[PDB]
Amino acid sequence: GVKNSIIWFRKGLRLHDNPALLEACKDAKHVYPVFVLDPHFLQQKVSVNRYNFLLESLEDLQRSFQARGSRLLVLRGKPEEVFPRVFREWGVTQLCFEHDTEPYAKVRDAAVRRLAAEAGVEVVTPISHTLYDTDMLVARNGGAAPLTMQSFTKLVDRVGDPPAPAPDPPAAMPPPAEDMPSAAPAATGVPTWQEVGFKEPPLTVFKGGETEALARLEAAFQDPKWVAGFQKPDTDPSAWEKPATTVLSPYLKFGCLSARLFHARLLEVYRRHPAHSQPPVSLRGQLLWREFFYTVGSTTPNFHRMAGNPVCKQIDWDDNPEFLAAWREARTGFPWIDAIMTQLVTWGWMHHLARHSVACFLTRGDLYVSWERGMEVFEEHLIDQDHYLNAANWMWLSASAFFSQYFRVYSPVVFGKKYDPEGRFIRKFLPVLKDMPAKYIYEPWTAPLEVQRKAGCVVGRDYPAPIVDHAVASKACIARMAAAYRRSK
Ligand SMILES: Cc1cc2nc3c(=O)[nH]c(=O)nc-3n(C[C@H](O)[C@H](O)[C@H](O)COP(=O)(O)OP(=O)(O)OC[C@H]3O[C@@H](n4cnc5c(N)ncnc54)[C@H](O)[C@@H]3O)c2cc1C
Ligand SMILES: [Cl-]
């Protein structure tokens, strides 16, 4: 005779702009904030940087629910086995969670709705992870998703502004009922990275949580001139003391920051700065790139692979395990490439143009290894790893989809020199080259043997030689891509 609701967290790890949380609290007697954790996830993939980022995001929710008289419940096990138990135990009448469009999510969410229907539980799945209803944009475009960014911008302009961010939850929330067995604090607490099974500590400098996301949002909007005149291709990839972009991707991935709140703050600045940048280079355009890849990926089968993907090109990539290990272990011999790969495993985040260099080097630029193999490396270490975004950009850099200018090959020796001629980005993440003069910091093998010894870095003993000559490798990759683009017909 009362409303007992469950707000199930998967993504959307936040309290602001959470329509699923608001519906769960309205006229609610008891609310159960639940996150389902599988304690056998490492026993099957995931770096300690991203998994601890998720754990720090749950601790942020825990302090937020406790300040409002509630408590976050971290249930162990699988959703299909735990929810039918807590439905009858807690007397649940309504289940609410943010809508997700990932392939594993749809199969998972379909089974839970079945279990909730057999238990008489109402299911409310509002859309708040993306800007718009991605299925509505497909219907408004005649039934198919746009394939070009120019056509996608014309579509979202006809639809209009995204929905406004939902209001904040009340200051006090209905707490979970007391003395419930499955709600015992000893078995529902937030674990640490040592308990889950990781043996190495995290090395990233980015802390998870809604509070840190909101702090990074305000820090970016403290200069409205910088937000308005933001142009993505003009940012600095070598900037590490202060990254050239917002670095809000790990918070938008886990849902620690609402994309609609991000978009709402952008329009406030744009209406006071009439000369603000326009898509696709604007800051608003970057959210559209996220929205554009989500719209195509959710409606494209096998979007994360090559075979069976209707939008990906069937290129005869090489199966070279030696080039993959050198690229994965950051021992390619090119300091600009090895520094970005060291930043991948240390911070779990790199600048967009920095990810352009290593993705072009592995695929259509030098090694000609499949973008699927490098995507497996990024998904392991990137703390902002997004299923649809990591794929469409790996297909962009490999010239398999969306992008088609394979004659444009980044140079692993000159690309980084234009931003950082002294190699400050290289000496930080590759301290073995910290005494190397700037004349040979990007090409250490060209330095004389007297200079290599005087800097404590002899090429071939302390730092590896380049695995390939870029001129020989790039000209070979470009010609093979041309033959690939001629067999497409
Ligand atoms: C090889 C490769 C792999 C990548 N994989 C991912 C991934 O798994 N997850 C991810 O979030 N981004 C990915 N990107 C896109 C891009 O690298 C990052 O979004 C960006 O570098 C993050 O920095 P930022 O948050 O400061 O970006 P900003 O310039 O601040 O952009 C703001 C937001 O817009 C979105 N965005 C920006 N650029 C892109 C883009 N090119 N495509 C889609 N959305 C974008 C992100 O949500 C980002 O937080 C990939 C790109 C490449 C080339
Ligand atoms: Cl270049």
# chains A, B, ... in the order shown; residues from 1 in each chain; ligands from 1
call {"tool": "residues_around", "arguments": {"residues": "region 217-223 of chain A", "least_positions_apart": "6", "cutoff": "10 Å", "atoms": "only C-alpha atoms", "output": "number ranges by chain"}}
result
A: 211, 245-248, 257, 261-262, 265-266, 269
call {"tool": "residues_near_ligand", "arguments": {"ligand": "ligand 1", "cutoff": "7 Å", "atoms": "only C-alpha atoms and all ligand atoms", "output": "tab-separated table (two decimals) with C-alpha atoms, in the first residue's frame"}}
result
chain	number	residue	atom	x	y	z
A	232	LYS	CA	39.32	21.91	-31.47
A	245	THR	CA	40.84	21.00	-23.61
A	246	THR	CA	38.28	20.44	-20.86
A	247	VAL	CA	39.19	16.82	-20.00
A	248	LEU	CA	35.52	16.19	-19.21
A	249	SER	CA	35.36	12.93	-21.22
A	250	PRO	CA	35.79	10.53	-18.26
A	252	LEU	CA	30.68	12.29	-19.53
A	253	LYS	CA	31.41	8.59	-20.07
A	283	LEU	CA	32.84	23.26	-27.79
A	286	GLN	CA	32.37	18.45	-29.57
A	287	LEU	CA	29.23	17.34	-27.74
A	289	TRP	CA	30.46	14.60	-32.23
A	290	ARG	CA	29.60	12.54	-29.15
A	293	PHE	CA	28.64	8.79	-33.03
A	350	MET	CA	45.47	11.85	-23.95
A	351	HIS	CA	44.65	14.88	-26.08
A	352	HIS	CA	42.55	14.28	-29.18
A	353	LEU	CA	45.38	15.14	-31.57
A	355	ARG	CA	45.39	10.09	-29.95
A	356	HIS	CA	45.46	11.02	-33.65
A	359	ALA	CA	46.17	5.78	-34.01
A	379	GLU	CA	39.64	0.23	-24.21
A	382	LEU	CA	41.46	4.77	-21.31
A	384	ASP	CA	37.06	7.75	-20.72
A	385	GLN	CA	36.62	4.62	-22.87
A	386	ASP	CA	33.26	4.99	-24.65
A	387	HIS	CA	32.04	2.08	-26.77
A	389	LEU	CA	33.28	6.97	-29.52
A	390	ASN	CA	36.39	4.76	-29.32
A	391	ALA	CA	35.19	2.89	-32.41
A	393	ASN	CA	37.34	7.58	-34.12
A	394	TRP	CA	39.49	4.49	-34.64
A	397	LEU	CA	41.93	7.55	-38.11
call {"tool": "closest_atom_pairs", "arguments": {"of": "region 239-265 of chain A", "to": "region 145-165 of chain A", "cutoff": "10 Å", "atoms": "only C-alpha atoms", "output": "JSON lines"}}
result
{"residue": "A:258", "atom": "CA", "partner": "A:165", "partner_atom": "CA", "distance": 7.8}
{"residue": "A:259", "atom": "CA", "partner": "A:165", "partner_atom": "CA", "distance": 8.8}
{"residue": "A:260", "atom": "CA", "partner": "A:165", "partner_atom": "CA", "distance": 5.6}
{"residue": "A:261", "atom": "CA", "partner": "A:165", "partner_atom": "CA", "distance": 5.6}
{"residue": "A:262", "atom": "CA", "partner": "A:165", "partner_atom": "CA", "distance": 9.2}
{"residue": "A:263", "atom": "CA", "partner": "A:162", "partner_atom": "CA", "distance": 8.0}
{"residue": "A:264", "atom": "CA", "partner": "A:164", "partner_atom": "CA", "distance": 7.0}
call {"tool": "residues_around", "arguments": {"residues": "residue 18 (chain A)", "least_positions_apart": "6", "cutoff": "12 Å", "atoms": "only C-alpha atoms", "output": "PDB file with N, CA, C and O atoms, in the first residue's frame"}}
result
ATOM      1  N   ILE A   7      16.366   3.005  -7.630  1.00  0.00           N
ATOM      2  CA  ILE A   7      17.072   3.764  -8.655  1.00  0.00           C
ATOM      3  C   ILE A   7      18.374   3.026  -8.936  1.00  0.00           C
ATOM      4  O   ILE A   7      19.296   3.022  -8.110  1.00  0.00           O
ATOM      5  N   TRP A   8      18.443   2.384 -10.098  1.00  0.00           N
ATOM      6  CA  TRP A   8      19.565   1.524 -10.456  1.00  0.00           C
ATOM      7  C   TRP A   8      20.607   2.338 -11.215  1.00  0.00           C
ATOM      8  O   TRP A   8      20.336   2.835 -12.313  1.00  0.00           O
ATOM      9  N   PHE A   9      21.795   2.463 -10.634  1.00  0.00           N
ATOM     10  CA  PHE A   9      22.891   3.183 -11.267  1.00  0.00           C
ATOM     11  C   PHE A   9      23.734   2.226 -12.098  1.00  0.00           C
ATOM     12  O   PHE A   9      24.132   1.159 -11.620  1.00  0.00           O
ATOM     13  N   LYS A  11      25.320   3.816 -15.656  1.00  0.00           N
ATOM     14  CA  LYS A  11      25.893   5.105 -15.986  1.00  0.00           C
ATOM     15  C   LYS A  11      25.126   6.171 -15.201  1.00  0.00           C
ATOM     16  O   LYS A  11      24.462   5.863 -14.202  1.00  0.00           O
ATOM     17  N   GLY A  12      25.195   7.421 -15.647  1.00  0.00           N
ATOM     18  CA  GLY A  12      24.494   8.492 -14.954  1.00  0.00           C
ATOM     19  C   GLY A  12      24.858   8.609 -13.490  1.00  0.00           C
ATOM     20  O   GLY A  12      23.980   8.833 -12.648  1.00  0.00           O
ATOM     21  N   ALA A  24      11.942   8.192  -9.027  1.00  0.00           N
ATOM     22  CA  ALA A  24      12.053   7.202  -7.963  1.00  0.00           C
ATOM     23  C   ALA A  24      11.766   7.788  -6.587  1.00  0.00           C
ATOM     24  O   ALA A  24      11.370   7.045  -5.684  1.00  0.00           O
ATOM     25  N   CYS A  25      11.938   9.100  -6.410  1.00  0.00           N
ATOM     26  CA  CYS A  25      11.747   9.728  -5.110  1.00  0.00           C
ATOM     27  C   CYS A  25      10.358  10.321  -4.921  1.00  0.00           C
ATOM     28  O   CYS A  25       9.954  10.543  -3.774  1.00  0.00           O
ATOM     29  N   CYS A  96      13.680   2.296 -11.654  1.00  0.00           N
ATOM     30  CA  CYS A  96      14.060   3.411 -12.509  1.00  0.00           C
ATOM     31  C   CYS A  96      15.556   3.362 -12.773  1.00  0.00           C
ATOM     32  O   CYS A  96      16.346   3.162 -11.844  1.00  0.00           O
ATOM     33  N   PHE A  97      15.939   3.542 -14.033  1.00  0.00           N
ATOM     34  CA  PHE A  97      17.345   3.632 -14.398  1.00  0.00           C
ATOM     35  C   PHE A  97      17.464   4.362 -15.726  1.00  0.00           C
ATOM     36  O   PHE A  97      16.539   4.353 -16.543  1.00  0.00           O
ATOM     37  N   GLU A  98      18.615   5.000 -15.924  1.00  0.00           N
ATOM     38  CA  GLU A  98      18.853   5.776 -17.132  1.00  0.00           C
ATOM     39  C   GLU A  98      18.909   4.867 -18.355  1.00  0.00           C
ATOM     40  O   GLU A  98      19.464   3.766 -18.305  1.00  0.00           O
ATOM     41  N   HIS A  99      18.326   5.333 -19.455  1.00  0.00           N
ATOM     42  CA  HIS A  99      18.311   4.544 -20.680  1.00  0.00           C
ATOM     43  C   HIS A  99      19.716   4.427 -21.260  1.00  0.00           C
ATOM     44  O   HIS A  99      20.469   5.404 -21.314  1.00  0.00           O
ATOM     45  N   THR A 125      12.307   4.314 -17.697  1.00  0.00           N
ATOM     46  CA  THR A 125      13.636   4.471 -18.285  1.00  0.00           C
ATOM     47  C   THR A 125      13.694   5.792 -19.044  1.00  0.00           C
ATOM     48  O   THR A 125      13.495   5.826 -20.266  1.00  0.00           O
ATOM     49  N   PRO A 126      13.964   6.897 -18.356  1.00  0.00           N
ATOM     50  CA  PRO A 126      14.118   8.178 -19.047  1.00  0.00           C
ATOM     51  C   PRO A 126      15.475   8.286 -19.725  1.00  0.00           C
ATOM     52  O   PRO A 126      16.427   7.571 -19.406  1.00  0.00           O
ATOM     53  N   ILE A 127      15.547   9.206 -20.681  1.00  0.00           N
ATOM     54  CA  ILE A 127      16.754   9.437 -21.463  1.00  0.00           C
ATOM     55  C   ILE A 127      17.455  10.670 -20.912  1.00  0.00           C
ATOM     56  O   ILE A 127      16.882  11.767 -20.895  1.00  0.00           O
ATOM     57  N   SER A 128      18.690  10.489 -20.457  1.00  0.00           N
ATOM     58  CA  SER A 128      19.468  11.603 -19.934  1.00  0.00           C
ATOM     59  C   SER A 128      20.968  11.444 -20.142  1.00  0.00           C
ATOM     60  O   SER A 128      21.715  12.352 -19.771  1.00  0.00           O
ATOM     61  N   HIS A 129      21.438  10.332 -20.713  1.00  0.00           N
ATOM     62  CA  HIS A 129      22.865  10.172 -20.970  1.00  0.00           C
ATOM     63  C   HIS A 129      23.298  10.950 -22.206  1.00  0.00           C
ATOM     64  O   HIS A 129      24.397  11.515 -22.234  1.00  0.00           O
ATOM     65  N   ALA A 164      15.977  20.716 -21.332  1.00  0.00           N
ATOM     66  CA  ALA A 164      16.680  21.374 -20.246  1.00  0.00           C
ATOM     67  C   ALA A 164      17.065  20.356 -19.172  1.00  0.00           C
ATOM     68  O   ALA A 164      16.411  19.321 -19.025  1.00  0.00           O
ATOM     69  N   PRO A 165      18.133  20.619 -18.419  1.00  0.00           N
ATOM     70  CA  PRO A 165      18.507  19.699 -17.339  1.00  0.00           C
ATOM     71  C   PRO A 165      17.444  19.662 -16.252  1.00  0.00           C
ATOM     72  O   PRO A 165      16.846  20.685 -15.905  1.00  0.00           O
ATOM     73  N   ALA A 166      17.209  18.464 -15.722  1.00  0.00           N
ATOM     74  CA  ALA A 166      16.214  18.287 -14.680  1.00  0.00           C
ATOM     75  C   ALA A 166      16.657  18.986 -13.395  1.00  0.00           C
ATOM     76  O   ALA A 166      17.854  19.159 -13.156  1.00  0.00           O
ATOM     77  N   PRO A 167      15.711  19.406 -12.557  1.00  0.00           N
ATOM     78  CA  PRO A 167      16.083  20.043 -11.291  1.00  0.00           C
ATOM     79  C   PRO A 167      16.771  19.063 -10.352  1.00  0.00           C
ATOM     80  O   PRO A 167      16.729  17.843 -10.531  1.00  0.00           O
ATOM     81  N   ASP A 168      17.421  19.625  -9.337  1.00  0.00           N
ATOM     82  CA  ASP A 168      18.138  18.811  -8.371  1.00  0.00           C
ATOM     83  C   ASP A 168      17.158  18.069  -7.463  1.00  0.00           C
ATOM     84  O   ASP A 168      16.036  18.531  -7.236  1.00  0.00           O
ATOM     85  N   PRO A 169      17.556  16.913  -6.938  1.00  0.00           N
ATOM     86  CA  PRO A 169      16.686  16.169  -6.018  1.00  0.00           C
ATOM     87  C   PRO A 169      16.468  16.944  -4.731  1.00  0.00           C
ATOM     88  O   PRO A 169      17.200  17.905  -4.446  1.00  0.00           O
ATOM     89  N   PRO A 170      15.467  16.572  -3.930  1.00  0.00           N
ATOM     90  CA  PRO A 170      15.217  17.300  -2.682  1.00  0.00           C
ATOM     91  C   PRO A 170      16.375  17.158  -1.705  1.00  0.00           C
ATOM     92  O   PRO A 170      17.247  16.296  -1.848  1.00  0.00           O
ATOM     93  N   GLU A 210      30.845  13.058  -9.247  1.00  0.00           N
ATOM     94  CA  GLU A 210      30.065  14.196  -9.722  1.00  0.00           C
ATOM     95  C   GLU A 210      30.653  15.514  -9.233  1.00  0.00           C
ATOM     96  O   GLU A 210      30.625  16.519  -9.953  1.00  0.00           O
ATOM     97  N   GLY A 255      28.834   9.292 -16.820  1.00  0.00           N
ATOM     98  CA  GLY A 255      27.664  10.060 -16.454  1.00  0.00           C
ATOM     99  C   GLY A 255      27.827  10.911 -15.219  1.00  0.00           C
ATOM    100  O   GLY A 255      26.824  11.350 -14.649  1.00  0.00           O
ATOM    101  N   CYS A 256      29.063  11.154 -14.777  1.00  0.00           N
ATOM    102  CA  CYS A 256      29.283  12.045 -13.643  1.00  0.00           C
ATOM    103  C   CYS A 256      28.897  13.482 -13.965  1.00  0.00           C
ATOM    104  O   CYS A 256      28.617  14.257 -13.046  1.00  0.00           O
ATOM    105  N   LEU A 257      28.876  13.846 -15.245  1.00  0.00           N
ATOM    106  CA  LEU A 257      28.468  15.168 -15.693  1.00  0.00           C
ATOM    107  C   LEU A 257      27.386  15.014 -16.749  1.00  0.00           C
ATOM    108  O   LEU A 257      27.551  14.246 -17.702  1.00  0.00           O
ATOM    109  N   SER A 258      26.286  15.740 -16.578  1.00  0.00           N
ATOM    110  CA  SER A 258      25.203  15.695 -17.549  1.00  0.00           C
ATOM    111  C   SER A 258      25.614  16.408 -18.830  1.00  0.00           C
ATOM    112  O   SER A 258      26.150  17.521 -18.790  1.00  0.00           O
ATOM    113  N   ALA A 259      25.367  15.761 -19.972  1.00  0.00           N
ATOM    114  CA  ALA A 259      25.631  16.403 -21.252  1.00  0.00           C
ATOM    115  C   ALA A 259      24.671  17.558 -21.503  1.00  0.00           C
ATOM    116  O   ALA A 259      25.042  18.541 -22.157  1.00  0.00           O
ATOM    117  N   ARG A 260      23.440  17.460 -20.995  1.00  0.00           N
ATOM    118  CA  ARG A 260      22.485  18.549 -21.160  1.00  0.00           C
ATOM    119  C   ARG A 260      22.855  19.752 -20.305  1.00  0.00           C
ATOM    120  O   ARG A 260      22.635  20.896 -20.719  1.00  0.00           O
ATOM    121  N   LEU A 261      23.413  19.519 -19.114  1.00  0.00           N
ATOM    122  CA  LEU A 261      23.897  20.633 -18.305  1.00  0.00           C
ATOM    123  C   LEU A 261      25.107  21.293 -18.954  1.00  0.00           C
ATOM    124  O   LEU A 261      25.240  22.522 -18.926  1.00  0.00           O
TER     125      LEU A 261
END
call {"tool": "residues_around", "arguments": {"residues": "residue 76 (chain A)", "least_positions_apart": "3", "cutoff": "9 Å", "atoms": "only C-alpha atoms", "output": "ChimeraX atom specification"}}
result
/A:35-39,79,82,187-188
